[PDB]
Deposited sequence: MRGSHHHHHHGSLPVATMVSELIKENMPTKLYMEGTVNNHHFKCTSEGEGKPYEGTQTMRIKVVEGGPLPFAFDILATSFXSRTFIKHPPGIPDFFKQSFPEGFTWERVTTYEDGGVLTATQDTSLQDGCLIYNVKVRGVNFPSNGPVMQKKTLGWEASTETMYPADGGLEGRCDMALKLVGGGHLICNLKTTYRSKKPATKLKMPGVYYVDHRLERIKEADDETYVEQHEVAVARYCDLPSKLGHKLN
């Protein structure tokens, strides 16, 4: 329909982490019905960053989740109007990262505008010492609430040396489409894997790939 089998993306990000101002742009494409996509990211102001890029990774694309037929796709249904989200990520060592995003569809292209704000990352911790090795796979639970979706998950950042730094994510996804036009899902789950494919020049160029698939819980009941 409006969301084709192949779909290009463009993203504009602006933020500050521990008072460090920066900007990024990216471009990618993916297969929205297959749940895959790639993003090529450039830090265009404030580079090289004094924190691990990993903490921005999830801020760089909900349309590219594979929803099987029994699960109404909130995000795909939101077009042509699009949707927005806002998220708080709380790291167990005190860093907090907040992000808000607008998603819109313009002349065949998904356009993302993202504002990020990070505070209280410990100067001695692995994020500011850039001692991280990317994210483990994780599962996000989606709960319908008041016309929108509440996403919740935990994620863990691999550390150089072994071990993980754990964080908790809370997101609220809201549609710009009128609620009369949206079939809401029930509770469901999204499994994600987000991998870095390439990086250059002290993380001022990064290429990421995500795969994300929605499912219900297949565990037996009574």
For this session: Report the unmodelled segments of the deposited sequence as residue ranges counted from 1.
Result: 1 to 20, 81, 244 to 249
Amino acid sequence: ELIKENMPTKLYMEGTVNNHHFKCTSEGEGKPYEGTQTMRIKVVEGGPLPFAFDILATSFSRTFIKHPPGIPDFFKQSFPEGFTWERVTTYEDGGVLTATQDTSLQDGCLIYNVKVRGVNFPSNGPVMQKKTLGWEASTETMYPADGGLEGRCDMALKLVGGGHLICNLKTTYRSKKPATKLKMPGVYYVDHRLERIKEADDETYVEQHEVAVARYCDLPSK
From here on, numbers count along this sequence of modelled residues.
Problem set entry | B-factor third for the C-alpha atom of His209 within its chain | middle
Seminar exercise, completed: Among the modelled residues of its chain, the C-alpha B-factor of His21 falls in the third labelled middle
Exercise. Is the Cα B-factor recorded for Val160 in the lowest, middle or highest third of its chain?
Worked result: highest
Problem set entry | Cα B factor band for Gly95 (lowest, middle or highest third within the chain) | middle
Exercise. With respect to C-alpha B-factor, does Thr38 fall in the lowest, middle or highest third of the chain as deposited?
Worked result: lowest
